[PDB]
């Protein structure tokens, strides 16, 4: 019923795997940690998202922990889907397609996977037997090795593979939490097999400092450690093999967090020989770096690519060898990058290169992943610097992977301003063209953003600064609609940045609630702060859009509604229960004052449905099964109530909805193919009737219009 379009950013997240199909030129796939999988469509020159049909119940399948194609069947595609292994996350599943991801069938697995956990960029854990495509293997993170003999429709544990093989296959992430990393890859040795019969020789890499490489000679019936293997580091990839030489990348951690050592090994099983072939050595002192990935040219078995990982001396490098590891050349330092597709990438640095792949039909064409998208070479074989430099382009059309944290559609200015994880955000001058990030000071996360209802040129945002060590001020304000920004003169005396921020209708007052700090009021952008009187620290404050004297608050811990009529100096408890907010990416109360009427507020919560607060009264407008995220925009007809938009569950069905009768009746405006999991930050456009924006937890921002 609506047409949904991506807000153009360009990648923006960590692509954890890339894969060419050797049976068809121009066919490739990508997997991501938070945002599903993609098929490169040579005819449209774009990546096509393959898992937007995931509904709200299946948000955890957006993390793609592994993927595989059948070398003998260009139509087959297999995804190992599962994002977290913690208690609130469901079991994993193999999604199988026999039309390149157009449709999927689902095999539920009895264990969980780690699509957005440590080791997510190790691969590939899922593999198809290259001589009998009926057979697949899947390495789990904490449940051993699993096998299918019916093209992934049913799975059973490989009883002969010991669970103890995964001993020590855990690690701490950046915030201290232990995670099950388990198996890093499963590799068939195709040279060992013949068409029609299961491949006899199979390698299994385990992300552990103990024995990390296992091999079977009898199609998985028995298992042994590979003789002579190095120990103490964790393998992440195993490539090559067709000429009898295998290439394995190692780090001192599973990745992507915290790598500070590693190695690159060449393994020649016929000679029982192991040779360290790392392009550059580890530092004698100070932090080292890992080898994030290795790949072999499908047409040229002695041609290798290998990436450093978390090299900060000075930055990461990608190396090429054409003689099996004997000599290497650096690639990126002398290369040219085209940022015209995503201008903001000119200020990014290639990093987190945990996956590489070379086009099996054109050795000139190689992909490497970063923590912000894919780069693609044009002339990897043919370049000669400086007159003919290696050329990289941002092959990311159709691929959108940001996790927005807040969205703003102001009464004037750009139609959308975003607050995004990792890359701060944008003033979206054009929704269909990628932009530069906000001018002025640079935040890590953009967490909260707001604009004055009656003076929309005044914008404020807050967020994080990763590895903050120089007292960076984490709230910023603009007076020209987000074109230029200035930091607040100080932070309030309590809290740790981020949180939620709001600005009154005439731009004279800002209320900022830093993380764990409670609410603080300023009338001079942080020159001075006062604690807001009469609110618990867990309250979130929103401004009226019309009357600068009016503000509102919902205590997230209790669901109680508070009200201010003194420009947010103080708040009274209204006596009214509006419900606690749905847990989302950022648990935030859904309180939306009427852009056109002072003192009219629309609210939503899972517990109470959709409500209107006006004239000291709460009216329940409707009671959907779960009202999660509420937005307000221009009425479709003049004189009619403002349009309301809802992401949630109505009559057992999840989706995104619009009400035209003031929130009493809802109509579904997306369809099952465009559910994107659990959309949030539903945001109307006060200037465009029918327009709605919403965030997704790894597929970026979308906007829709009727028809």
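Residue numbers count along the first chain shown, from 1.
Taking the PDB entry as given, 381-389 carries the higher mean Cα B factor of the two stretches 381-389 and 151-159. When the two stretches 524-532 and 119-127 are set side by side, the higher mean Cα temperature factor goes to 524-532. Between the residues 80, 181, 175, 204, it is 175 that shows the highest Cα B-factor in the PDB record. The entry lists C-alpha B-factors for 186, 618, 113, 420, and the highest of these is at 618. Ranked within its chain, residue 670 lands in the middle third, by CA B factor from the PDB record. Per the deposited record, the Cα B-factor of residue 651 falls in the highest third when ranked against the other modelled residues of its chain. In the deposited entry, the Cα temperature factor of residue 271 sits in the top third of values across the chain's modelled residues.
The entry lists a Cα temperature factor for residue 483 that places it in the middle third of the chain's modelled residues. Among all modelled residues in this chain, the alpha-carbon of residue 636 has a temperature factor (C-alpha) in the highest third.
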